[PDB]
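Contents: one structure, followed by commentary.
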Amino acid sequence: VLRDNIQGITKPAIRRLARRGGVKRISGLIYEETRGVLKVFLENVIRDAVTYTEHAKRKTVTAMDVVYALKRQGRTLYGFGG
Amino acid sequence: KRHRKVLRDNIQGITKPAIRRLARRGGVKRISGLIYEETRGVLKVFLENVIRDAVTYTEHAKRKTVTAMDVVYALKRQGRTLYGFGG
Amino acid sequence: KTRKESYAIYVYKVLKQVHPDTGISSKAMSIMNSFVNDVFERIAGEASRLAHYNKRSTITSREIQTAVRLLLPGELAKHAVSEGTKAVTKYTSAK
Amino acid sequence: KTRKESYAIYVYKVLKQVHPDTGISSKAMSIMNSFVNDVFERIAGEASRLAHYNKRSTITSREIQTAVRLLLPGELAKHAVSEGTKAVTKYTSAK
Amino acid sequence: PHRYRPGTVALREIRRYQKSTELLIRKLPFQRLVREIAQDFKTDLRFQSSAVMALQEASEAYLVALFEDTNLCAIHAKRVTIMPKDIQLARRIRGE
Amino acid sequence: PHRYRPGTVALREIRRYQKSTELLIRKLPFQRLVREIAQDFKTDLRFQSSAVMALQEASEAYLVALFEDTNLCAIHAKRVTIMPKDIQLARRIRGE
Amino acid sequence: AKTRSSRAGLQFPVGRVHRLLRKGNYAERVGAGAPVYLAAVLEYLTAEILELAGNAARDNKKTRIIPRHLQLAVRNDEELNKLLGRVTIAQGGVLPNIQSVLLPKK
Amino acid sequence: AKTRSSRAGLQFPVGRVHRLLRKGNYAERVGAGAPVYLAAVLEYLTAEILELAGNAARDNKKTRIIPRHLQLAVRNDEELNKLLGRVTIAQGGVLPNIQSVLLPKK
DNA sequence: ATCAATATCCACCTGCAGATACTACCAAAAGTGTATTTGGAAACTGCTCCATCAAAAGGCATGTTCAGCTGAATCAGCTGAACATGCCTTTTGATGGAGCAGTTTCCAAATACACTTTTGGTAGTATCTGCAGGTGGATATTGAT
DNA sequence: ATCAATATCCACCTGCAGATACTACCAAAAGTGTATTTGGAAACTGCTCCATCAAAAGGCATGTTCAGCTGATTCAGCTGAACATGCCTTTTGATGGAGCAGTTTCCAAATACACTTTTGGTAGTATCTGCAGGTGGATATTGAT
Ligand SMILES: O=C1c2cccc3cccc(c23)C(=O)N1C[C@@H]1CO1
Ligand SMILES: O=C1c2cccc3cccc(c23)C(=O)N1C[C@@H]1CO1
Ligand SMILES: [Mn+2]
């Protein structure tokens, strides 16, 4: 039963996210839009994190790489160092 | 110096035509009657914040004159960077 | 092996000064650590900027204060200022 | 009566290279001047942080490069990376 | 006596002002507003003329942006008339 | 032979998830997606367990907020059902 | 011989703050009282968040502060919320809030 | 005597850029490649924006680039627009753009 | 479609102020040339913590059923756009006087050691406990009737 | 209303993951003492440019009038919520081995610095030029009918 990885981000999960957001009713087309948005977010954040990796000549993305990426995307995260 | 005349209610020189013109530039076709005051309010908060910071650079420099640089620096701080004035 | 410095203990000292019967988890502690580093950088960042704008070689308490004023919301700013003038006074007045 | 440095003559040179009979108003130049200073600050900014995050105390051409990729989008980055690599080679080869 | 149907001049004016770059708030009135607000923060202050002009340039650029965003809010509501709720949603989403 | 009315559980779910703080997407599917998207930037890349974690925390925090403004945008249009245009409008006003 | 933190009457490390400034390329020189002021401000701000987070620990029948308690503390205070308005506290969740029009007809 | 600018085949002042990096306190030391590379990037970008600004001037029967022309360039170019997406160009106005539903008849 | 009022076009037209010119000067850059210091790449490696694979756990995919939301169509009440009119306030061009900004002084304050003392981080290792995730029975919420 | 299906709440039990405790113990900041360097406040004053002032030139405030937009009302139909039914993927745990991060090397490229050269900024005085804003006069858009 082959499957795309973005589809692995499932409806029930997206439904739960919306719930935390206080969403009560969800049009059927949200789940594809949401995956759309999430992929764009992850691309933007990862591209930068890896750029940080490569600079440091590593084969491994460190949490700090991600933390630094999040900082310059203006999405500062607390909890993982720095 | 002698008597600096009292400044009050100058928000009301942001005329209804002036607020309509800006809407037009923003591509707004139709305007509710309540927009003008809301915009006056919104303008005022905007200015307060940019002037507070500017005046904070002036005083730190020990000056009596707010400079364009003070304003350009203030605008940068609020993520509203301005080009054209030494900025 | 190499040391990993952290504001953790100074956070813990402060915790007990305010809530002696209150504890803190690792993840909570970590966030406090982020918080202290972040605010550090922001305040230092602005102070750095001020100094250059005025063509000065030195980040003094004057710069840190203006920096605090620029970054902190009204009430928070106000206290930080008072807390920060206090500490410098307490320091000068002392051998 | 101190000298206010700008990028005006360099902008103007480059201008003459790409549009030989087009001029530039001084307000336009001003913006151009603001633009250069901005980008300089942001590349140098990213460069600074980068060095720090790697306990590197030198900003080399390699640092600047990573700043450029981190700052600029897609094609502007890709092209800017060439043009800078190119000049570093040429500069090396010329001594 | 001729008459343009409402909305026609409105669009004329959109085309007009989208075309130009002149400022839209009269200079002096705006200057006074600056001086009024400044004075409340601090007495005995002077302004380089280009400080006032810098503030005006930013203030109009901000307001025009907000109206673009506002307009989109109205239309989202299937209206063509901006109203305060439209402004307030824009400013909420912007995190103001 | 008893059945809850549409929206009752949604409400019930809302209160549950606003109360807790666990990540609401399964770790593995997420790990895959991250790993996949990264492959396009550099090959043969390993990921710190905590680095993935950072990304999920950030992503979910991001998504949860986007739903909030989204929901505001649905309600602006006098609906109660979020829709792609609501997401589209939020992201546009956010400057994404 | 006493530490500068004790001279300032502070828990935060005046020493370290000074060191991290120099090795931060913020300026050439760095005056004797600027690490003092800075460390003061950091402490105070730490105290506030810990104070408030502590309260939220109480409110929730708990003695040990966890991320959630930092989130509720920060997001329930107009000012700490503005200061951190572009920050995410990992494992913090969100404030319970439901738009009113989403409530059923009572 | 030869300039490092000529040495790198650049119009932009390598010497000047080297100096500004030192004085802006970005790091302890500054390698000799860095300013060469940065003056390059800086020159490439101003070239791109002038190319596009020149076209706008031409598209408008003008011969002198004014701020409007810069704004047309940046705003009409996906990438330049993002680079400067939180920047205001004094006296540049906006892109003519009226939303669909606002237009008359059908 | 037809007409006619009004906007829009745009191409030709002097006035000028902003741009381009240049000449003479120079202070501060920038380049050049050893003299002396060192940051980090390079190469070798111990040991985390990462990918991987397997046992157990557990939540998502699908389909039926229908409540209730969305949006289409209808509508009048009335708000906001157009525009005529009356006229006051802004624009813009000219002339002393405040403050900034350019000196140069010089001592209080910082750097730069170098040497003496300590604390804050690990880590061994052991010790202690807040609360998470059960339990059960009591009451509250929801929804059918 | 009542009646019951189910959610939710509160009290209490408890094992152990996570947090506190210690202390060897030690490298590496942090403080102290003295020799040395430099930054910037202060005291002076040259000189831009800000406030402040009178003329004309141009756009704001206001009232009338009604086109058409908003929002209320109604309703019919598609569309998402709820919830059964089984079932295939995530989760958790256990273990070599990849690579990250620790350490010493040593050399190319850095900083320091002293004399020498060139450059860019201005400042004084220069005539050159794109286009703003005016003109009329030829054509498009619009809205009545
Ligand atoms: O028994 C199954 C099961 C059996 C067969 C296939 C499956 C596929 C996905 C999820 C499940 C599943 C599942 O949660 N459970 C719950 C069990 C009581 O702990
Ligand atoms: O003729 C007047 C006038 C006369 C009397 C009072 C006034 C008040 C404000 C504005 C104006 C005005 C005004 O723009 N014009 C237009 C003029 C052709 O340029
Ligand atoms: Mn006042």
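Swiss-Prot numbering applies to chain B: residues 17-103, in that order.
The way this entry was determined, per its header, is X-ray crystallography, 2.9 Å.
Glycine residues also receive a Cβ, built from the backbone N, Cα and C atoms like all the rest.
For reference, Swiss-Prot has these:
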DNA_BIND  B:17-21  DNA-binding region
CROSSLNK  B:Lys32  UFM1 cross-link
CROSSLNK  B:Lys92  ubiquitin cross-link
MOD_RES   B:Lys17  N6-butyryllysine
MOD_RES   B:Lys21  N6,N6-dimethyllysine
MOD_RES   B:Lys32  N6-succinyllysine
MOD_RES   B:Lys32  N6-butyryllysine
MOD_RES   B:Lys45  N6-propionyllysine
MOD_RES   B:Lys45  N6-butyryllysine
MOD_RES   B:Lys78  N6-lactoyllysine
MOD_RES   B:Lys78  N6-(2-hydroxyisobutyryl)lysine
MOD_RES   B:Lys80  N6-(2-hydroxyisobutyryl)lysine
MOD_RES   B:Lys80  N6-acetyllysine
MOD_RES   B:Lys80  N6-propionyllysine
MOD_RES   B:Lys92  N6-lactoyllysine
Count of other CB atoms lying within 10 Å of the CB belonging to B:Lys78 (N6-lactoyllysine): 7
Candidates B:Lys17, B:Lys21, B:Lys32, B:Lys45 (recorded positions) - the one closest to B:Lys78 (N6-lactoyllysine) by CA: B:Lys17
The residue listed as 'ubiquitin cross-link': tally of other CB atoms within 10 A of its CB: 18
Cα-nearest neighbour of the residue listed as 'UFM1 cross-link' within the listed modified residues, B:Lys17, B:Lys21, B:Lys80: B:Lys21
Top Cα neighbour of B:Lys80 (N6-(2-hydroxyisobutyryl)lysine) in the set of recorded positions B:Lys17, B:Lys21, B:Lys45, B:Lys92: B:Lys17
Nearest recorded site to B:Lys45 (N6-propionyllysine) by CA-CA distance, among recorded positions B:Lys17, B:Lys21, B:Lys92: B:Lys92
Residues of the DNA-binding region (B:17-21) by DSSP state, where helix covers H, G and I: 0 helix, 0 strand, 5 coil
Fewest other C-beta atoms within 10 angstroms, as judged across B:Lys17, B:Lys32, B:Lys45, B:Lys80, which are the recorded positions: B:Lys17
Secondary-structure category, per DSSP, in which B:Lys78 (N6-lactoyllysine) falls: coil
B:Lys17 (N6-butyryllysine) to B:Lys92 (ubiquitin cross-link) - Cα separation in whole Å: 35
Euclidean distance between Cα atoms of B:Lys92 (ubiquitin cross-link) and the residue listed as 'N6,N6-dimethyllysine', Å: 32
Contacting recorded positions, sequence order - B:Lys17, B:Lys78, B:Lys92 vs ligand 2, Cβ under 6 Å: none
Subset of B:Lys17, B:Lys45, B:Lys80 (modified residues) with C-beta under 8 Å from chain E: B:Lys45, B:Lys80
